[PDB]
*Asks:* 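To start, I am sharing the structure in question, which I have written as structure tokens.
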There are 2 protein chains.
Amino acid sequence: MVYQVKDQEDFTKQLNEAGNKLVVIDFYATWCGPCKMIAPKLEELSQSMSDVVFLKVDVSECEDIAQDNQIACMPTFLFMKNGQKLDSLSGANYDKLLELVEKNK
Amino acid sequence: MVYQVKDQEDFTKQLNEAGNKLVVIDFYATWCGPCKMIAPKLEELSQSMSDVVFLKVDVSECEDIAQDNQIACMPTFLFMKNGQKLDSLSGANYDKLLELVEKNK
């Protein structure tokens, strides 16, 4: 399952709970058509990659988190591991997302 | 002036009141830093271009307008005239915006 971040406290807790796992953070908005289309694909991916943590951030409800990460395009996937940003993908391209999870996990 | 579109009927009214004029619509979000940086420049520009209608759409408050226009990146400037989408610019590049206004007004 992809965990919906409520706020900064929740986000920080999830990042700490991930330990040394790759974290994929889906920054999305409900006005973003492709975000809603890729969402079910991300849910399935989170079931098949148990070693990866999948989070989602509704930028309309978590504006501070969005701007801290200089998000511009919907969706944006951030790839994090051990507190470092490794990669970023703008757009709802699932095949590229899968490629980046391999390049980085 | 850069008029704040309040809902879809407000949008339609503004587009109709524009007649034959170029309409530049700034789709923005308050979580996007560059949107907030370019906003005063756009306001100042609008006061010297009475042949252009400048509108702004807060995507977080007009989500259906944002989705209907397939917006993805913040900001996106949409150039409409006589009901036709002439062009679209993503990003807060003021000089490019001005170039596009001059070409299409």
Side-chain angles (χ1 to χ4, degrees), chain A, chain B residues 27-37 58-76 88-92:
Chain A
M1 181 159 184
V2 180
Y3 184 96
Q4 162 94 333
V5 171
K6 179 186 177 184
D7 55 23
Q8 180 68 63
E9 176 175 350
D10 199 21
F11 191 40
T12 291
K13 189 164 181 181
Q14 285 291 307
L15 295 171
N16 291 332
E17 297 279 340
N20 61 8
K21 294 177 187 169
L22 179 69
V23 184
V24 176
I25 308 162
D26 176 3
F27 291 89
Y28 75 98
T30 56
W31 52 259
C32 158
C35 299
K36 289 182 286 189
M37 297 168 47
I38 200 180
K41 288 190 158 168
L42 253 187
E43 287 296 346
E44 308 212 65
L45 193 57
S46 72
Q47 294 164 352
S48 71
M49 296 183 158
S50 77
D51 57 325
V52 176
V53 173
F54 292 88
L55 311 177
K56 59 181 172 179
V57 174
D58 184 343
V59 296
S60 305
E61 308 297 328
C62 294
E63 297 195 79
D64 290 341
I65 304 183
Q67 188 162 355
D68 275 350
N69 287 279
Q70 293 179 252
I71 302 300
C73 295
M74 297 285 99
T76 289
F77 299 93
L78 266 179
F79 301 74
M80 297 196 46
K81 201 168 192 290
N82 297 315
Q84 307 189 230
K85 175 183 166 176
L86 305 175
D87 235 326
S88 179
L89 168 67
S90 296
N93 192 295
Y94 167 89
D95 287 352
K96 180 68 171 182
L97 183 277
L98 212 61
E99 304 179 334
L100 294 177
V101 171
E102 298 297 340
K103 165 184 172 186
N104 287 299
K105 80 165 172 176
Chain B
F27 290 86
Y28 75 100
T30 55
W31 47 258
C32 174
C35 297
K36 295 180 277 185
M37 296 289 309
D58 182 342
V59 299
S60 302
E61 301 187 341
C62 295
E63 291 206 356
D64 281 17
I65 301 179
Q67 194 172 339
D68 290 349
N69 285 275
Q70 302 175 328
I71 303 302
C73 296
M74 297 288 97
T76 290
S88 191
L89 167 74
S90 291

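Naming convention: chains lettered A, B, ... in sequence-line order (proteins, then strands); numbering from 1 in each chain.
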*Asks:* A:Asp87: what forms a salt bridge (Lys or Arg N to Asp or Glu O under 4.0 Å) with it, not counting sequence neighbours?
*Replies:* A:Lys103
*Asks:* Name each donor-acceptor pair under 3.5 Å that joins a side chain in residues 1-9 of chain A to protein atoms two or more places apart or in another chain, with its distance.
*Replies:*
from	atom 1	to	atom 2	distance (Å)
A:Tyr3	OH	A:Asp10	OD1	2.7
A:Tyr3	OH	A:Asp10	OD2	3.3
A:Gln4	OE1	A:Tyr28	OH	2.7
A:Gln4	NE2	A:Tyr28	OH	3.3
A:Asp7	OD1	A:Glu9	N	3.3
A:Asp7	OD1	A:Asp10	N	2.9
A:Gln8	NE2	A:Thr12	OG1	3.1

*Asks:* From the options A:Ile71, A:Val57, A:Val53, A:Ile65, select the one residue that forms a side chain to side chain contact (heavy atoms under 4.5 Å, CB included) with A:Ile25.
*Replies:* A:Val57
*Asks:* Identify, with sequence neighbours excluded, every residue that meets side-chain hydrogen bond (donor to acceptor under 3.5 Å, both in side chains) alongside A:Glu99.
*Replies:* none
*Asks:* Quick one: does A:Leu86's side chain get under 4.5 Å of A:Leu100's, heavy atoms only?
*Replies:* no
*Asks:* Does anything in residues 18-45 of chain A pair up under salt bridge (charged side-chain N to carboxylate O under 4.0 Å, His left out), and if so which pairs, sequence neighbours excluded?
*Replies:* none
*Asks:* Could you pull out all residues at least two apart from A:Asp64 that satisfy side chain to side chain contact (heavy atoms under 4.5 Å, CB included)?
*Replies:* none
*Asks:* Kindly write out the residues that satisfy disulfide bond (SG atoms under 2.5 Å apart) with A:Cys32, not counting sequence neighbours, or none if the list is empty.
*Replies:* A:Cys35
*Asks:* Per the disulfide (SG to SG under 2.5 Å) rule, what does the pair list look like for residues 56-105 of chain A, sequence neighbours excluded?
*Replies:*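 Counting only pairs at least two positions apart or across chains, the disulfide (SG to SG under 2.5 Å) contacts touching residues 56-105 of chain A are A:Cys73-B:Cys73.
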*Asks:* Does the side chain of A:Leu45 come within less than 4.5 Å of A:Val24's, by heavy atoms?
*Replies:* no
*Asks:* Given A:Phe27, which of A:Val59, A:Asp58, A:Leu55 fulfils the side chain to side chain contact (heavy atoms under 4.5 Å, CB included) condition?
*Replies:*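 When side chain to side chain contact (heavy atoms under 4.5 Å, CB included) is applied between A:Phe27 and each of A:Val59, A:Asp58, A:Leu55, only A:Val59 qualifies.
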*Asks:* Mind checking what makes side-chain hydrogen bond (donor to acceptor under 3.5 Å, both in side chains) contact with A:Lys105, not counting sequence neighbours?
*Replies:*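 With neighbours one apart ignored, the set is A:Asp51.
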*Asks:* Please name all residues satisfying side-chain hydrogen bond (donor to acceptor under 3.5 Å, both in side chains) with A:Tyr94, sequence neighbours left out, ordered by chain then number.
*Replies:*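 With sequence neighbours excluded, A:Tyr94 shows a side-chain hydrogen bond (donor to acceptor under 3.5 Å, both in side chains) to no residue whatsoever.
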*Asks:* For residues 69-82 of chain A, pull every pair meeting side chain to side chain donor-acceptor pair (under 3.5 Å), keeping only residues two or more places apart or in separate chains.
*Replies:*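 Checked against side chain to side chain donor-acceptor pair (under 3.5 Å) - neighbours excluded - no pair reaches residues 69-82 of chain A.
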*Asks:* Provide the closest heavy-atom pair for B:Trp31 versus A:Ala66 in the form atom of the first, atom of the second, distance.
*Replies:*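 For B:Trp31 and A:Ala66, the tightest heavy-atom pair comes out as CB-CB, 4.1 Å.
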*Asks:* Check side-chain hydrogen bond (donor to acceptor under 3.5 Å, both in side chains) between A:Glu63 and all other residues, then give those that pass, not counting sequence neighbours.
*Replies:*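 For A:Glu63 the side-chain hydrogen bond (donor to acceptor under 3.5 Å, both in side chains) partners, ignoring immediate neighbours, are B:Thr30.
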*Asks:* Residues in side chain to side chain contact (heavy atoms under 4.5 Å, CB included) with B:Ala72, at least two apart?
*Replies:* none
*Asks:* Is there side-chain contact between A:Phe77 and A:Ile38, with at least one heavy-atom pair below 4.5 Å?
*Replies:*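 A side-chain contact exists here, since the closest heavy-atom pair is under 4.5 Å.
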